[PDB]
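To keep things clear, I will list the structure first and then write my remarks on it.
Protein chains: 2
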Amino acid sequence: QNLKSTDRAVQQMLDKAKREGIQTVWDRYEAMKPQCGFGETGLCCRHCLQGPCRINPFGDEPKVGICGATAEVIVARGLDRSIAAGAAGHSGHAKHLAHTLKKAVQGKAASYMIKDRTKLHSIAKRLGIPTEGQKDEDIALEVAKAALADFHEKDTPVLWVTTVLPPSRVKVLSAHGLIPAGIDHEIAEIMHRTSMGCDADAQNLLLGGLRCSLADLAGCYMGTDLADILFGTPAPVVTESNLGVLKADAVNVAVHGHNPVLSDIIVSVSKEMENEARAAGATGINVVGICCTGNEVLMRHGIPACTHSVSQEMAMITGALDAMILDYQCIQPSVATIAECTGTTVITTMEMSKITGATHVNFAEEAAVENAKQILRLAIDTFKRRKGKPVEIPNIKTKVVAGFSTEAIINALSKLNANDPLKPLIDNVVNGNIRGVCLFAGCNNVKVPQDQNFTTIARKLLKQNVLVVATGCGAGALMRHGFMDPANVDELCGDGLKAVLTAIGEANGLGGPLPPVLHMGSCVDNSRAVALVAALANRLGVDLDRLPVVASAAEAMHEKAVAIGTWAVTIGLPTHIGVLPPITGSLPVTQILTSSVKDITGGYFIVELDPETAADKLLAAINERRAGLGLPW
Amino acid sequence: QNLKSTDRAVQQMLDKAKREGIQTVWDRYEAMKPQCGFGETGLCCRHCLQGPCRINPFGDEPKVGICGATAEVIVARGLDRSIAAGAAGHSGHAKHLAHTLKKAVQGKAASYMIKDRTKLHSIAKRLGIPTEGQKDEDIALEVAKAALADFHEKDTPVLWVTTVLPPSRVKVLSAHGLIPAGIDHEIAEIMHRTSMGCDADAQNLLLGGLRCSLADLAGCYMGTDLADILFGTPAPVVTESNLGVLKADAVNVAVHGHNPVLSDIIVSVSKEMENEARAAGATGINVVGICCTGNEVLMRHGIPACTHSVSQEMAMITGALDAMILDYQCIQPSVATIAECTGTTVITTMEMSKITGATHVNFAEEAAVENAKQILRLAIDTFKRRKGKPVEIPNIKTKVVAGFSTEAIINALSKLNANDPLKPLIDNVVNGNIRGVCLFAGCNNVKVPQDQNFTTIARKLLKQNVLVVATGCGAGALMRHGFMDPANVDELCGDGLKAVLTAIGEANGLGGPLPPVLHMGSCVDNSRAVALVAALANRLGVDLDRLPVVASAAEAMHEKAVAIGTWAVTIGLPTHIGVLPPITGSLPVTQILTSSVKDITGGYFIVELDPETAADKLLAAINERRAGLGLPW
Ligand code: SF4
Ligand code: SF4
Ligand code: FES
Ligand code: FES
Ligand SMILES: [Fe+2]
Ligand SMILES: [Fe+2]
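Listed in order, the protein sequences are those of chains X and X'. A prime marks a further copy of an entry chain.
Residue 4 is where the first sequence starts when you use PDB author numbering, and the numbers rise one by one after that.
Residue 4 is where the second sequence starts when you use PDB author numbering, and the numbers rise one by one after that.
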């Protein structure tokens, strides 16, 4: 089982699934091999009913699509549609939150409110919305209206791009025509230009993809902004992760998917329903997280993380998961079938994301507490049905310190320099105690032994004094392997990095260091890393493409991860991807994405499937940036 | 060559291409065989980087996608993305025209103007925009703003759906949640819900597809509306079609793609440049049409149609095509390479639709006449370069009567009944002189011998007294085979239909009948057929799903044709498709689309590749509708 996952809790549940005859994602992958080499390389097109078309990577015919589309075109069009799809998921998430904020301050959804007034005012200021002498509700209405307005063309470009990046970066992007006009506008334009008989120039197509990736960034940033207003900006919190956070004697409820509009209310209502749970013979309701919505409630409330991404089915295999409450994205639809075996009640809540065989309980923000209680009573009933059945919860968990929003990192740093909080971090980049910064992002992928790339690359970077931050299921991987426990600083960190983490933590009264890796939140909260990096660029008076900052989507899966990787490149970062995206069938497209885009945005992809080699390449990219700043390395 | 195309002009050029060693679309198709059976059946997914996934239609593993996606889900998701792509092309086209109208009436694009004031006022009235005591420019600004507003969520649904269908049809759709909230909103929601780990219920997915298809209808209707305001509503016109419309002694310029914003100006400027052409030794500039933009200028100005769809490369093979002026959609990118052999100057004009190797001359509506002159001087220069080279223009053309907008059909009918113009048509449906109405729509497809399905089905329906209307390259197929020449009424039409066409034509002073098939315009002008059918429904006091009206996408290719077929079903029509869409890998999805959708919208797909059998099935669908109205059949 170590060939499937490096997580021992997952390994134990894989053994249970095997002896019970429950098919898993790894089993479905084995049954798919060998995968199609046309799809793997990107040399397949189904954009019209003359298809399917393919192109042999090498050899004889077919060499070109039926309409004349070259390998360059076909590869670029497929990639662009993946970017648009990722941007779309983020569009739905951010729009969901904008409409919730609007309903809240209009009196239409009393379960929701302005929780972070300071965040609201700062966002208003950044956007140019007046606040002096205005009521909070009015300010919030204006911020929500501005959010919705960024989805379509208007007299300004997308403000959740142009107001979040330094002017010099906006200028570089503008000169290449890359600033998005509207989020859903760009998505639609990608779908148009990639349809048959439209754009058929690889460079042109890929420039369109870069612009659409900035529409994805806007959606991520908007999502973080609005979720902080509604639910609170994260601050440092302590919790636990891995399957051992499940409790046989409690009603175990996983929140899975993405939007805190749902999960945040599940958490608060679960506490209100403690005595009912107890009446049912449980100790209470134990809410646990899976995937990004789990990260959201981990970051804000310390809700323990059960599992992530590829291993999500394993929570069910314990026999103790009473309910799995879903909104959208990254949910293996297998969960609905596995539930029939395990007893778990799988509940969908959003009209556009249903799964055949799952119970659907519409969740309306207008009725959020009522709808949550209906959902949680299904969970309590399920708990009662497993009275006396043995369960197998691996007794495996890690300690996790998390909650490192950008505000929280700045506050922590301010204990070393009150009126110039970024300066202690920069001082230590300059003196070499901090070599650079690496953001780990994105998914696990069944092709890669689960977490192996994240932990292999992170260990090499930490020993080389890189400040490592993480989001999404990258953060999930690292937390499940102890990278968020300050007790592991001595083992994992280089001496320079250890000194910095210790100095910050001691200044924050911890008696101890910050954790080895800073958890910056969900996948939309990759936008928090952008805020931190943009703040550093502005403090230094340089653009992002001069900073010793890199990203790694070390085990990427979703279209959303493709979009995030692409905007990381577009804003100026060297960006590793540890799985093959479907580009290798076109050398000209690969050369664009890994080399000549440097001349456009300063960023570039690093495609490298071997994690030791990836770590070396990421260090070389950091050190090249250090040399460009005149720094030792 | 008759196995490739049933068009003798195309056959002649296929012989020329063969002896000159010029690869064609048919050659590229042969080189693609056998095509992938996973793609053909829809049983392939590339929606994440764990893919590509496939499912064996029959036999053993693989049976399910890696994430657990079933065949039902995979097929429905792929279909939905094709619908969204089609809607996107129509979004770009309609938005292009809305922005042009806005610029025109703001003084920013003087080459454009309100040409159809009556159309402007009628659209304003339909939308609920006041006109009394307003200036035209102000009314037009409001119509343009309303058009743009339909792309995003607002306080009303998409008005280019809800104001163009009868209230009872809107009510049926509303009850199923199918009215679109915004055009680009729906496109993005499709891309989201079809991304990994989101919607995974076939019925739910397909309902989303029906709603997105209505966003495509809205874009089509908006495109027709705005193009009529700007360029004039079509009225009956006489012209010619097929390759023989090219003239060796003229500068031959094809307009190809879709938007009349470009082609309409090319036509007017070409006339202004006649003496320059002559100075260059040509007789003048001979503008000819390809694909929908050709249909646009055919319908409004009588510009002759050179060719359509799959045979577009053959215009170049004559050696006489001096320029091919492109905007977007349905342009085989092979044209850029073939031009190197033939001498033709291929010119792109839109930032989102470039072709490697083609000359790009940006076209700005603000500078339309200047930009058109630059384009046309490239064409004149090309003419001069072929002085003394032999050309091979097949001396093959047909007469075409066209220009049958809905307004034009109503006006023609009003000569028989001035104050109840639809009544003569209904009278003849009732007495059986008109059995029903069939709309032919959509593309040619290289899999089908070009035009064979359109002409085979049309001949059977016309002998059975069906009133046949056509758009796009369906209209193209029929016009190239003589179905738009009134001289062929005796041969083609049943006696009842002949009597009706004769009576209308004689009442309109023609001395002769209307043509066998009524050309209702470009593919967006499928919306004109909707206007006619909705007007008939309202006059009769019934919904569209009770009328003896059908549609046939007899040789469909583009994603746009998939979208149009799907909204034809959604508004209540039996809708034939004569090529296999990638659905056969899921029986449950096929059963939805061909049978149980009848219980939702009253419409349904008829998938039938044999055209004689298709004609029988279309007649049975018409006759079932007649029986439901209590009529003989
Ligand atoms: S768009 Fe071109 S390459 Fe793609 S399926 Fe259609 S003919 Fe083939
Ligand atoms: S979304 Fe599911 S079926 Fe599609 S490629 Fe990814 S794992 Fe395979
Ligand atoms: S030929 Fe396998 S992905 Fe299309
Ligand atoms: S396996 Fe051929 S279309 Fe994917
Ligand atoms: Fe996520
Ligand atoms: Fe068209």
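Note that CB positions come from ideal geometry on N, CA and C, so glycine has one too.
With a cut-off of 7 Å, the C-beta of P55(X) is classified as near ligand 3, since at least one heavy atom of the ligand falls inside that distance. DSSP, reduced to helix, strand and coil, places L612(X) outside both helices and strands of the structure shown, so it counts as coil. Taking a contact to require three or more Cβ pairs closer than 8 Å, the segment 343-354 of chain X' and the segment 325-332 of chain X' qualify as touching. Residue-level contact by beta carbon fails for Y224(X) and chain X', as no gap is shorter than 8 Å. Secondary structure at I232(X'): helix, using DSSP grouped into helix, strand and coil.
Taking a contact to require three or more Cβ pairs closer than 8 Å, the segment 356-366 of chain X' and the segment 225-236 of chain X do not qualify as touching.
Put simply, the CB of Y32(X') is near chain X, with a gap under 8 Å to one of its CB atoms.
Taking 7 Å as the Cβ-Cβ cut-off, the segment 549-569 of chain X approaches chain X' at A559, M560, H561, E562, given in chain order.
Pairwise C-beta distances place the segment 474-487 of chain X out of contact with the segment 587-599 of chain X, as fewer than three of them are shorter than 8 Å. Taking all protein chains in view, the Cβ of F486(X') is crowded by 16 or more other Cβ atoms within 10 Å, so the residue is classified as buried.
Chain order gives the chain X residues near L151(X') as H155, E156, where near means a beta carbon separation below 8 Å. The beta carbon of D187(X') sits closer than 8 Å to some beta carbon of chain X.
Inter-segment contact for the segment 184-192 of chain X' and the segment 86-105 of chain X' is present: three or more beta-carbon pairs are separated by less than 8 Å. Taking every protein chain shown into account, the CB of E611(X') has 16 or more other CB atoms within 10 angstroms, so this residue is buried. With respect to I69(X'), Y32(X) sits close: the two C-beta atoms are nearer than 8 Å. Along the length of the segment 292-343 of chain X', whole alpha helix (DSSP H) runs at least 4 residues long occupy 294-304, 317-320, reported in chain order.
For the segment 79-102 of chain X', the residues whose beta carbon sits under 9 Å from a beta carbon of chain X are, in order, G81, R84, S85, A87, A88, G89, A90, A91, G92, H93, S94, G95, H96, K98, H102. By the criterion of a C-beta distance shorter than 7 Å, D252(X) is surrounded in its chain by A285, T286, once the five residues flanking it on both sides are discounted. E140(X) and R120(X) have their C-alpha atoms spaced approximately 10 Å apart. Using a cutoff of 7 Å, the CB of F41(X) counts as near ligand 4, since one of the ligand's heavy atoms is closer than that.
Residues of the segment 37-65 of chain X with a Cβ closer than 8 Å to any Cβ of chain X', in chain order: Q38, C39, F41, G42, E43, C47, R49, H50, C51, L52, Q53, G54, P55, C56, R57, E64, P65. From the beta-carbon of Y607(X), no residue of chain X' is found nearer than 9 Å; the closest lies around 19 Å away.
Within the DSSP bridge table, the entry for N491(X') names no partner. Residue contact check for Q14(X) against chain X': no CB pair falls below 8 Å. Relative to ligand 3, the nearest heavy atom lies less than 7 Å away from the CB of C47(X). In this model, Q453(X') and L82(X') are separated by some 25 Å (Cα to Cα).
Here DSSP, grouped into helix, strand and coil, assigns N289(X') to strand.
Using a cutoff of 7 Å, the CB of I193(X') does not count as near ligand 2, since none of the ligand's heavy atoms is closer than that.
Only residues of its own chain outside the window of five on either side were considered, and among them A203 have a CB closer than 6 Å to the CB of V76(X), listed in chain order. Here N278(X') is exposed. Its C-beta has fewer than 16 other C-beta atoms within 10 Å. What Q332(X) touches in chain X', judged by beta-carbon distance under 9 Å, is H195, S198, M199, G200, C201, going in chain order. Rounded to whole angstroms, the Cβ separation of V527(X') and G226(X') is 4 Å, and the two are in contact under 8 Å. Remark: the shortest separation between the CB of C476(X') and any heavy atom of ligand 1 does not fall under 7 Å.
Following the DSSP letters along the chain, one finds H259(X) inside the beta strand (DSSP E) bounded by residues 254-259. For the C-beta of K450(X), the chain X' residues within less than 9 Å are, from N- to C-terminus, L52, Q53. Inclusion of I334(X') and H259(X') in the CB contact set at 8 Å is warranted, their separation being smaller than that value.
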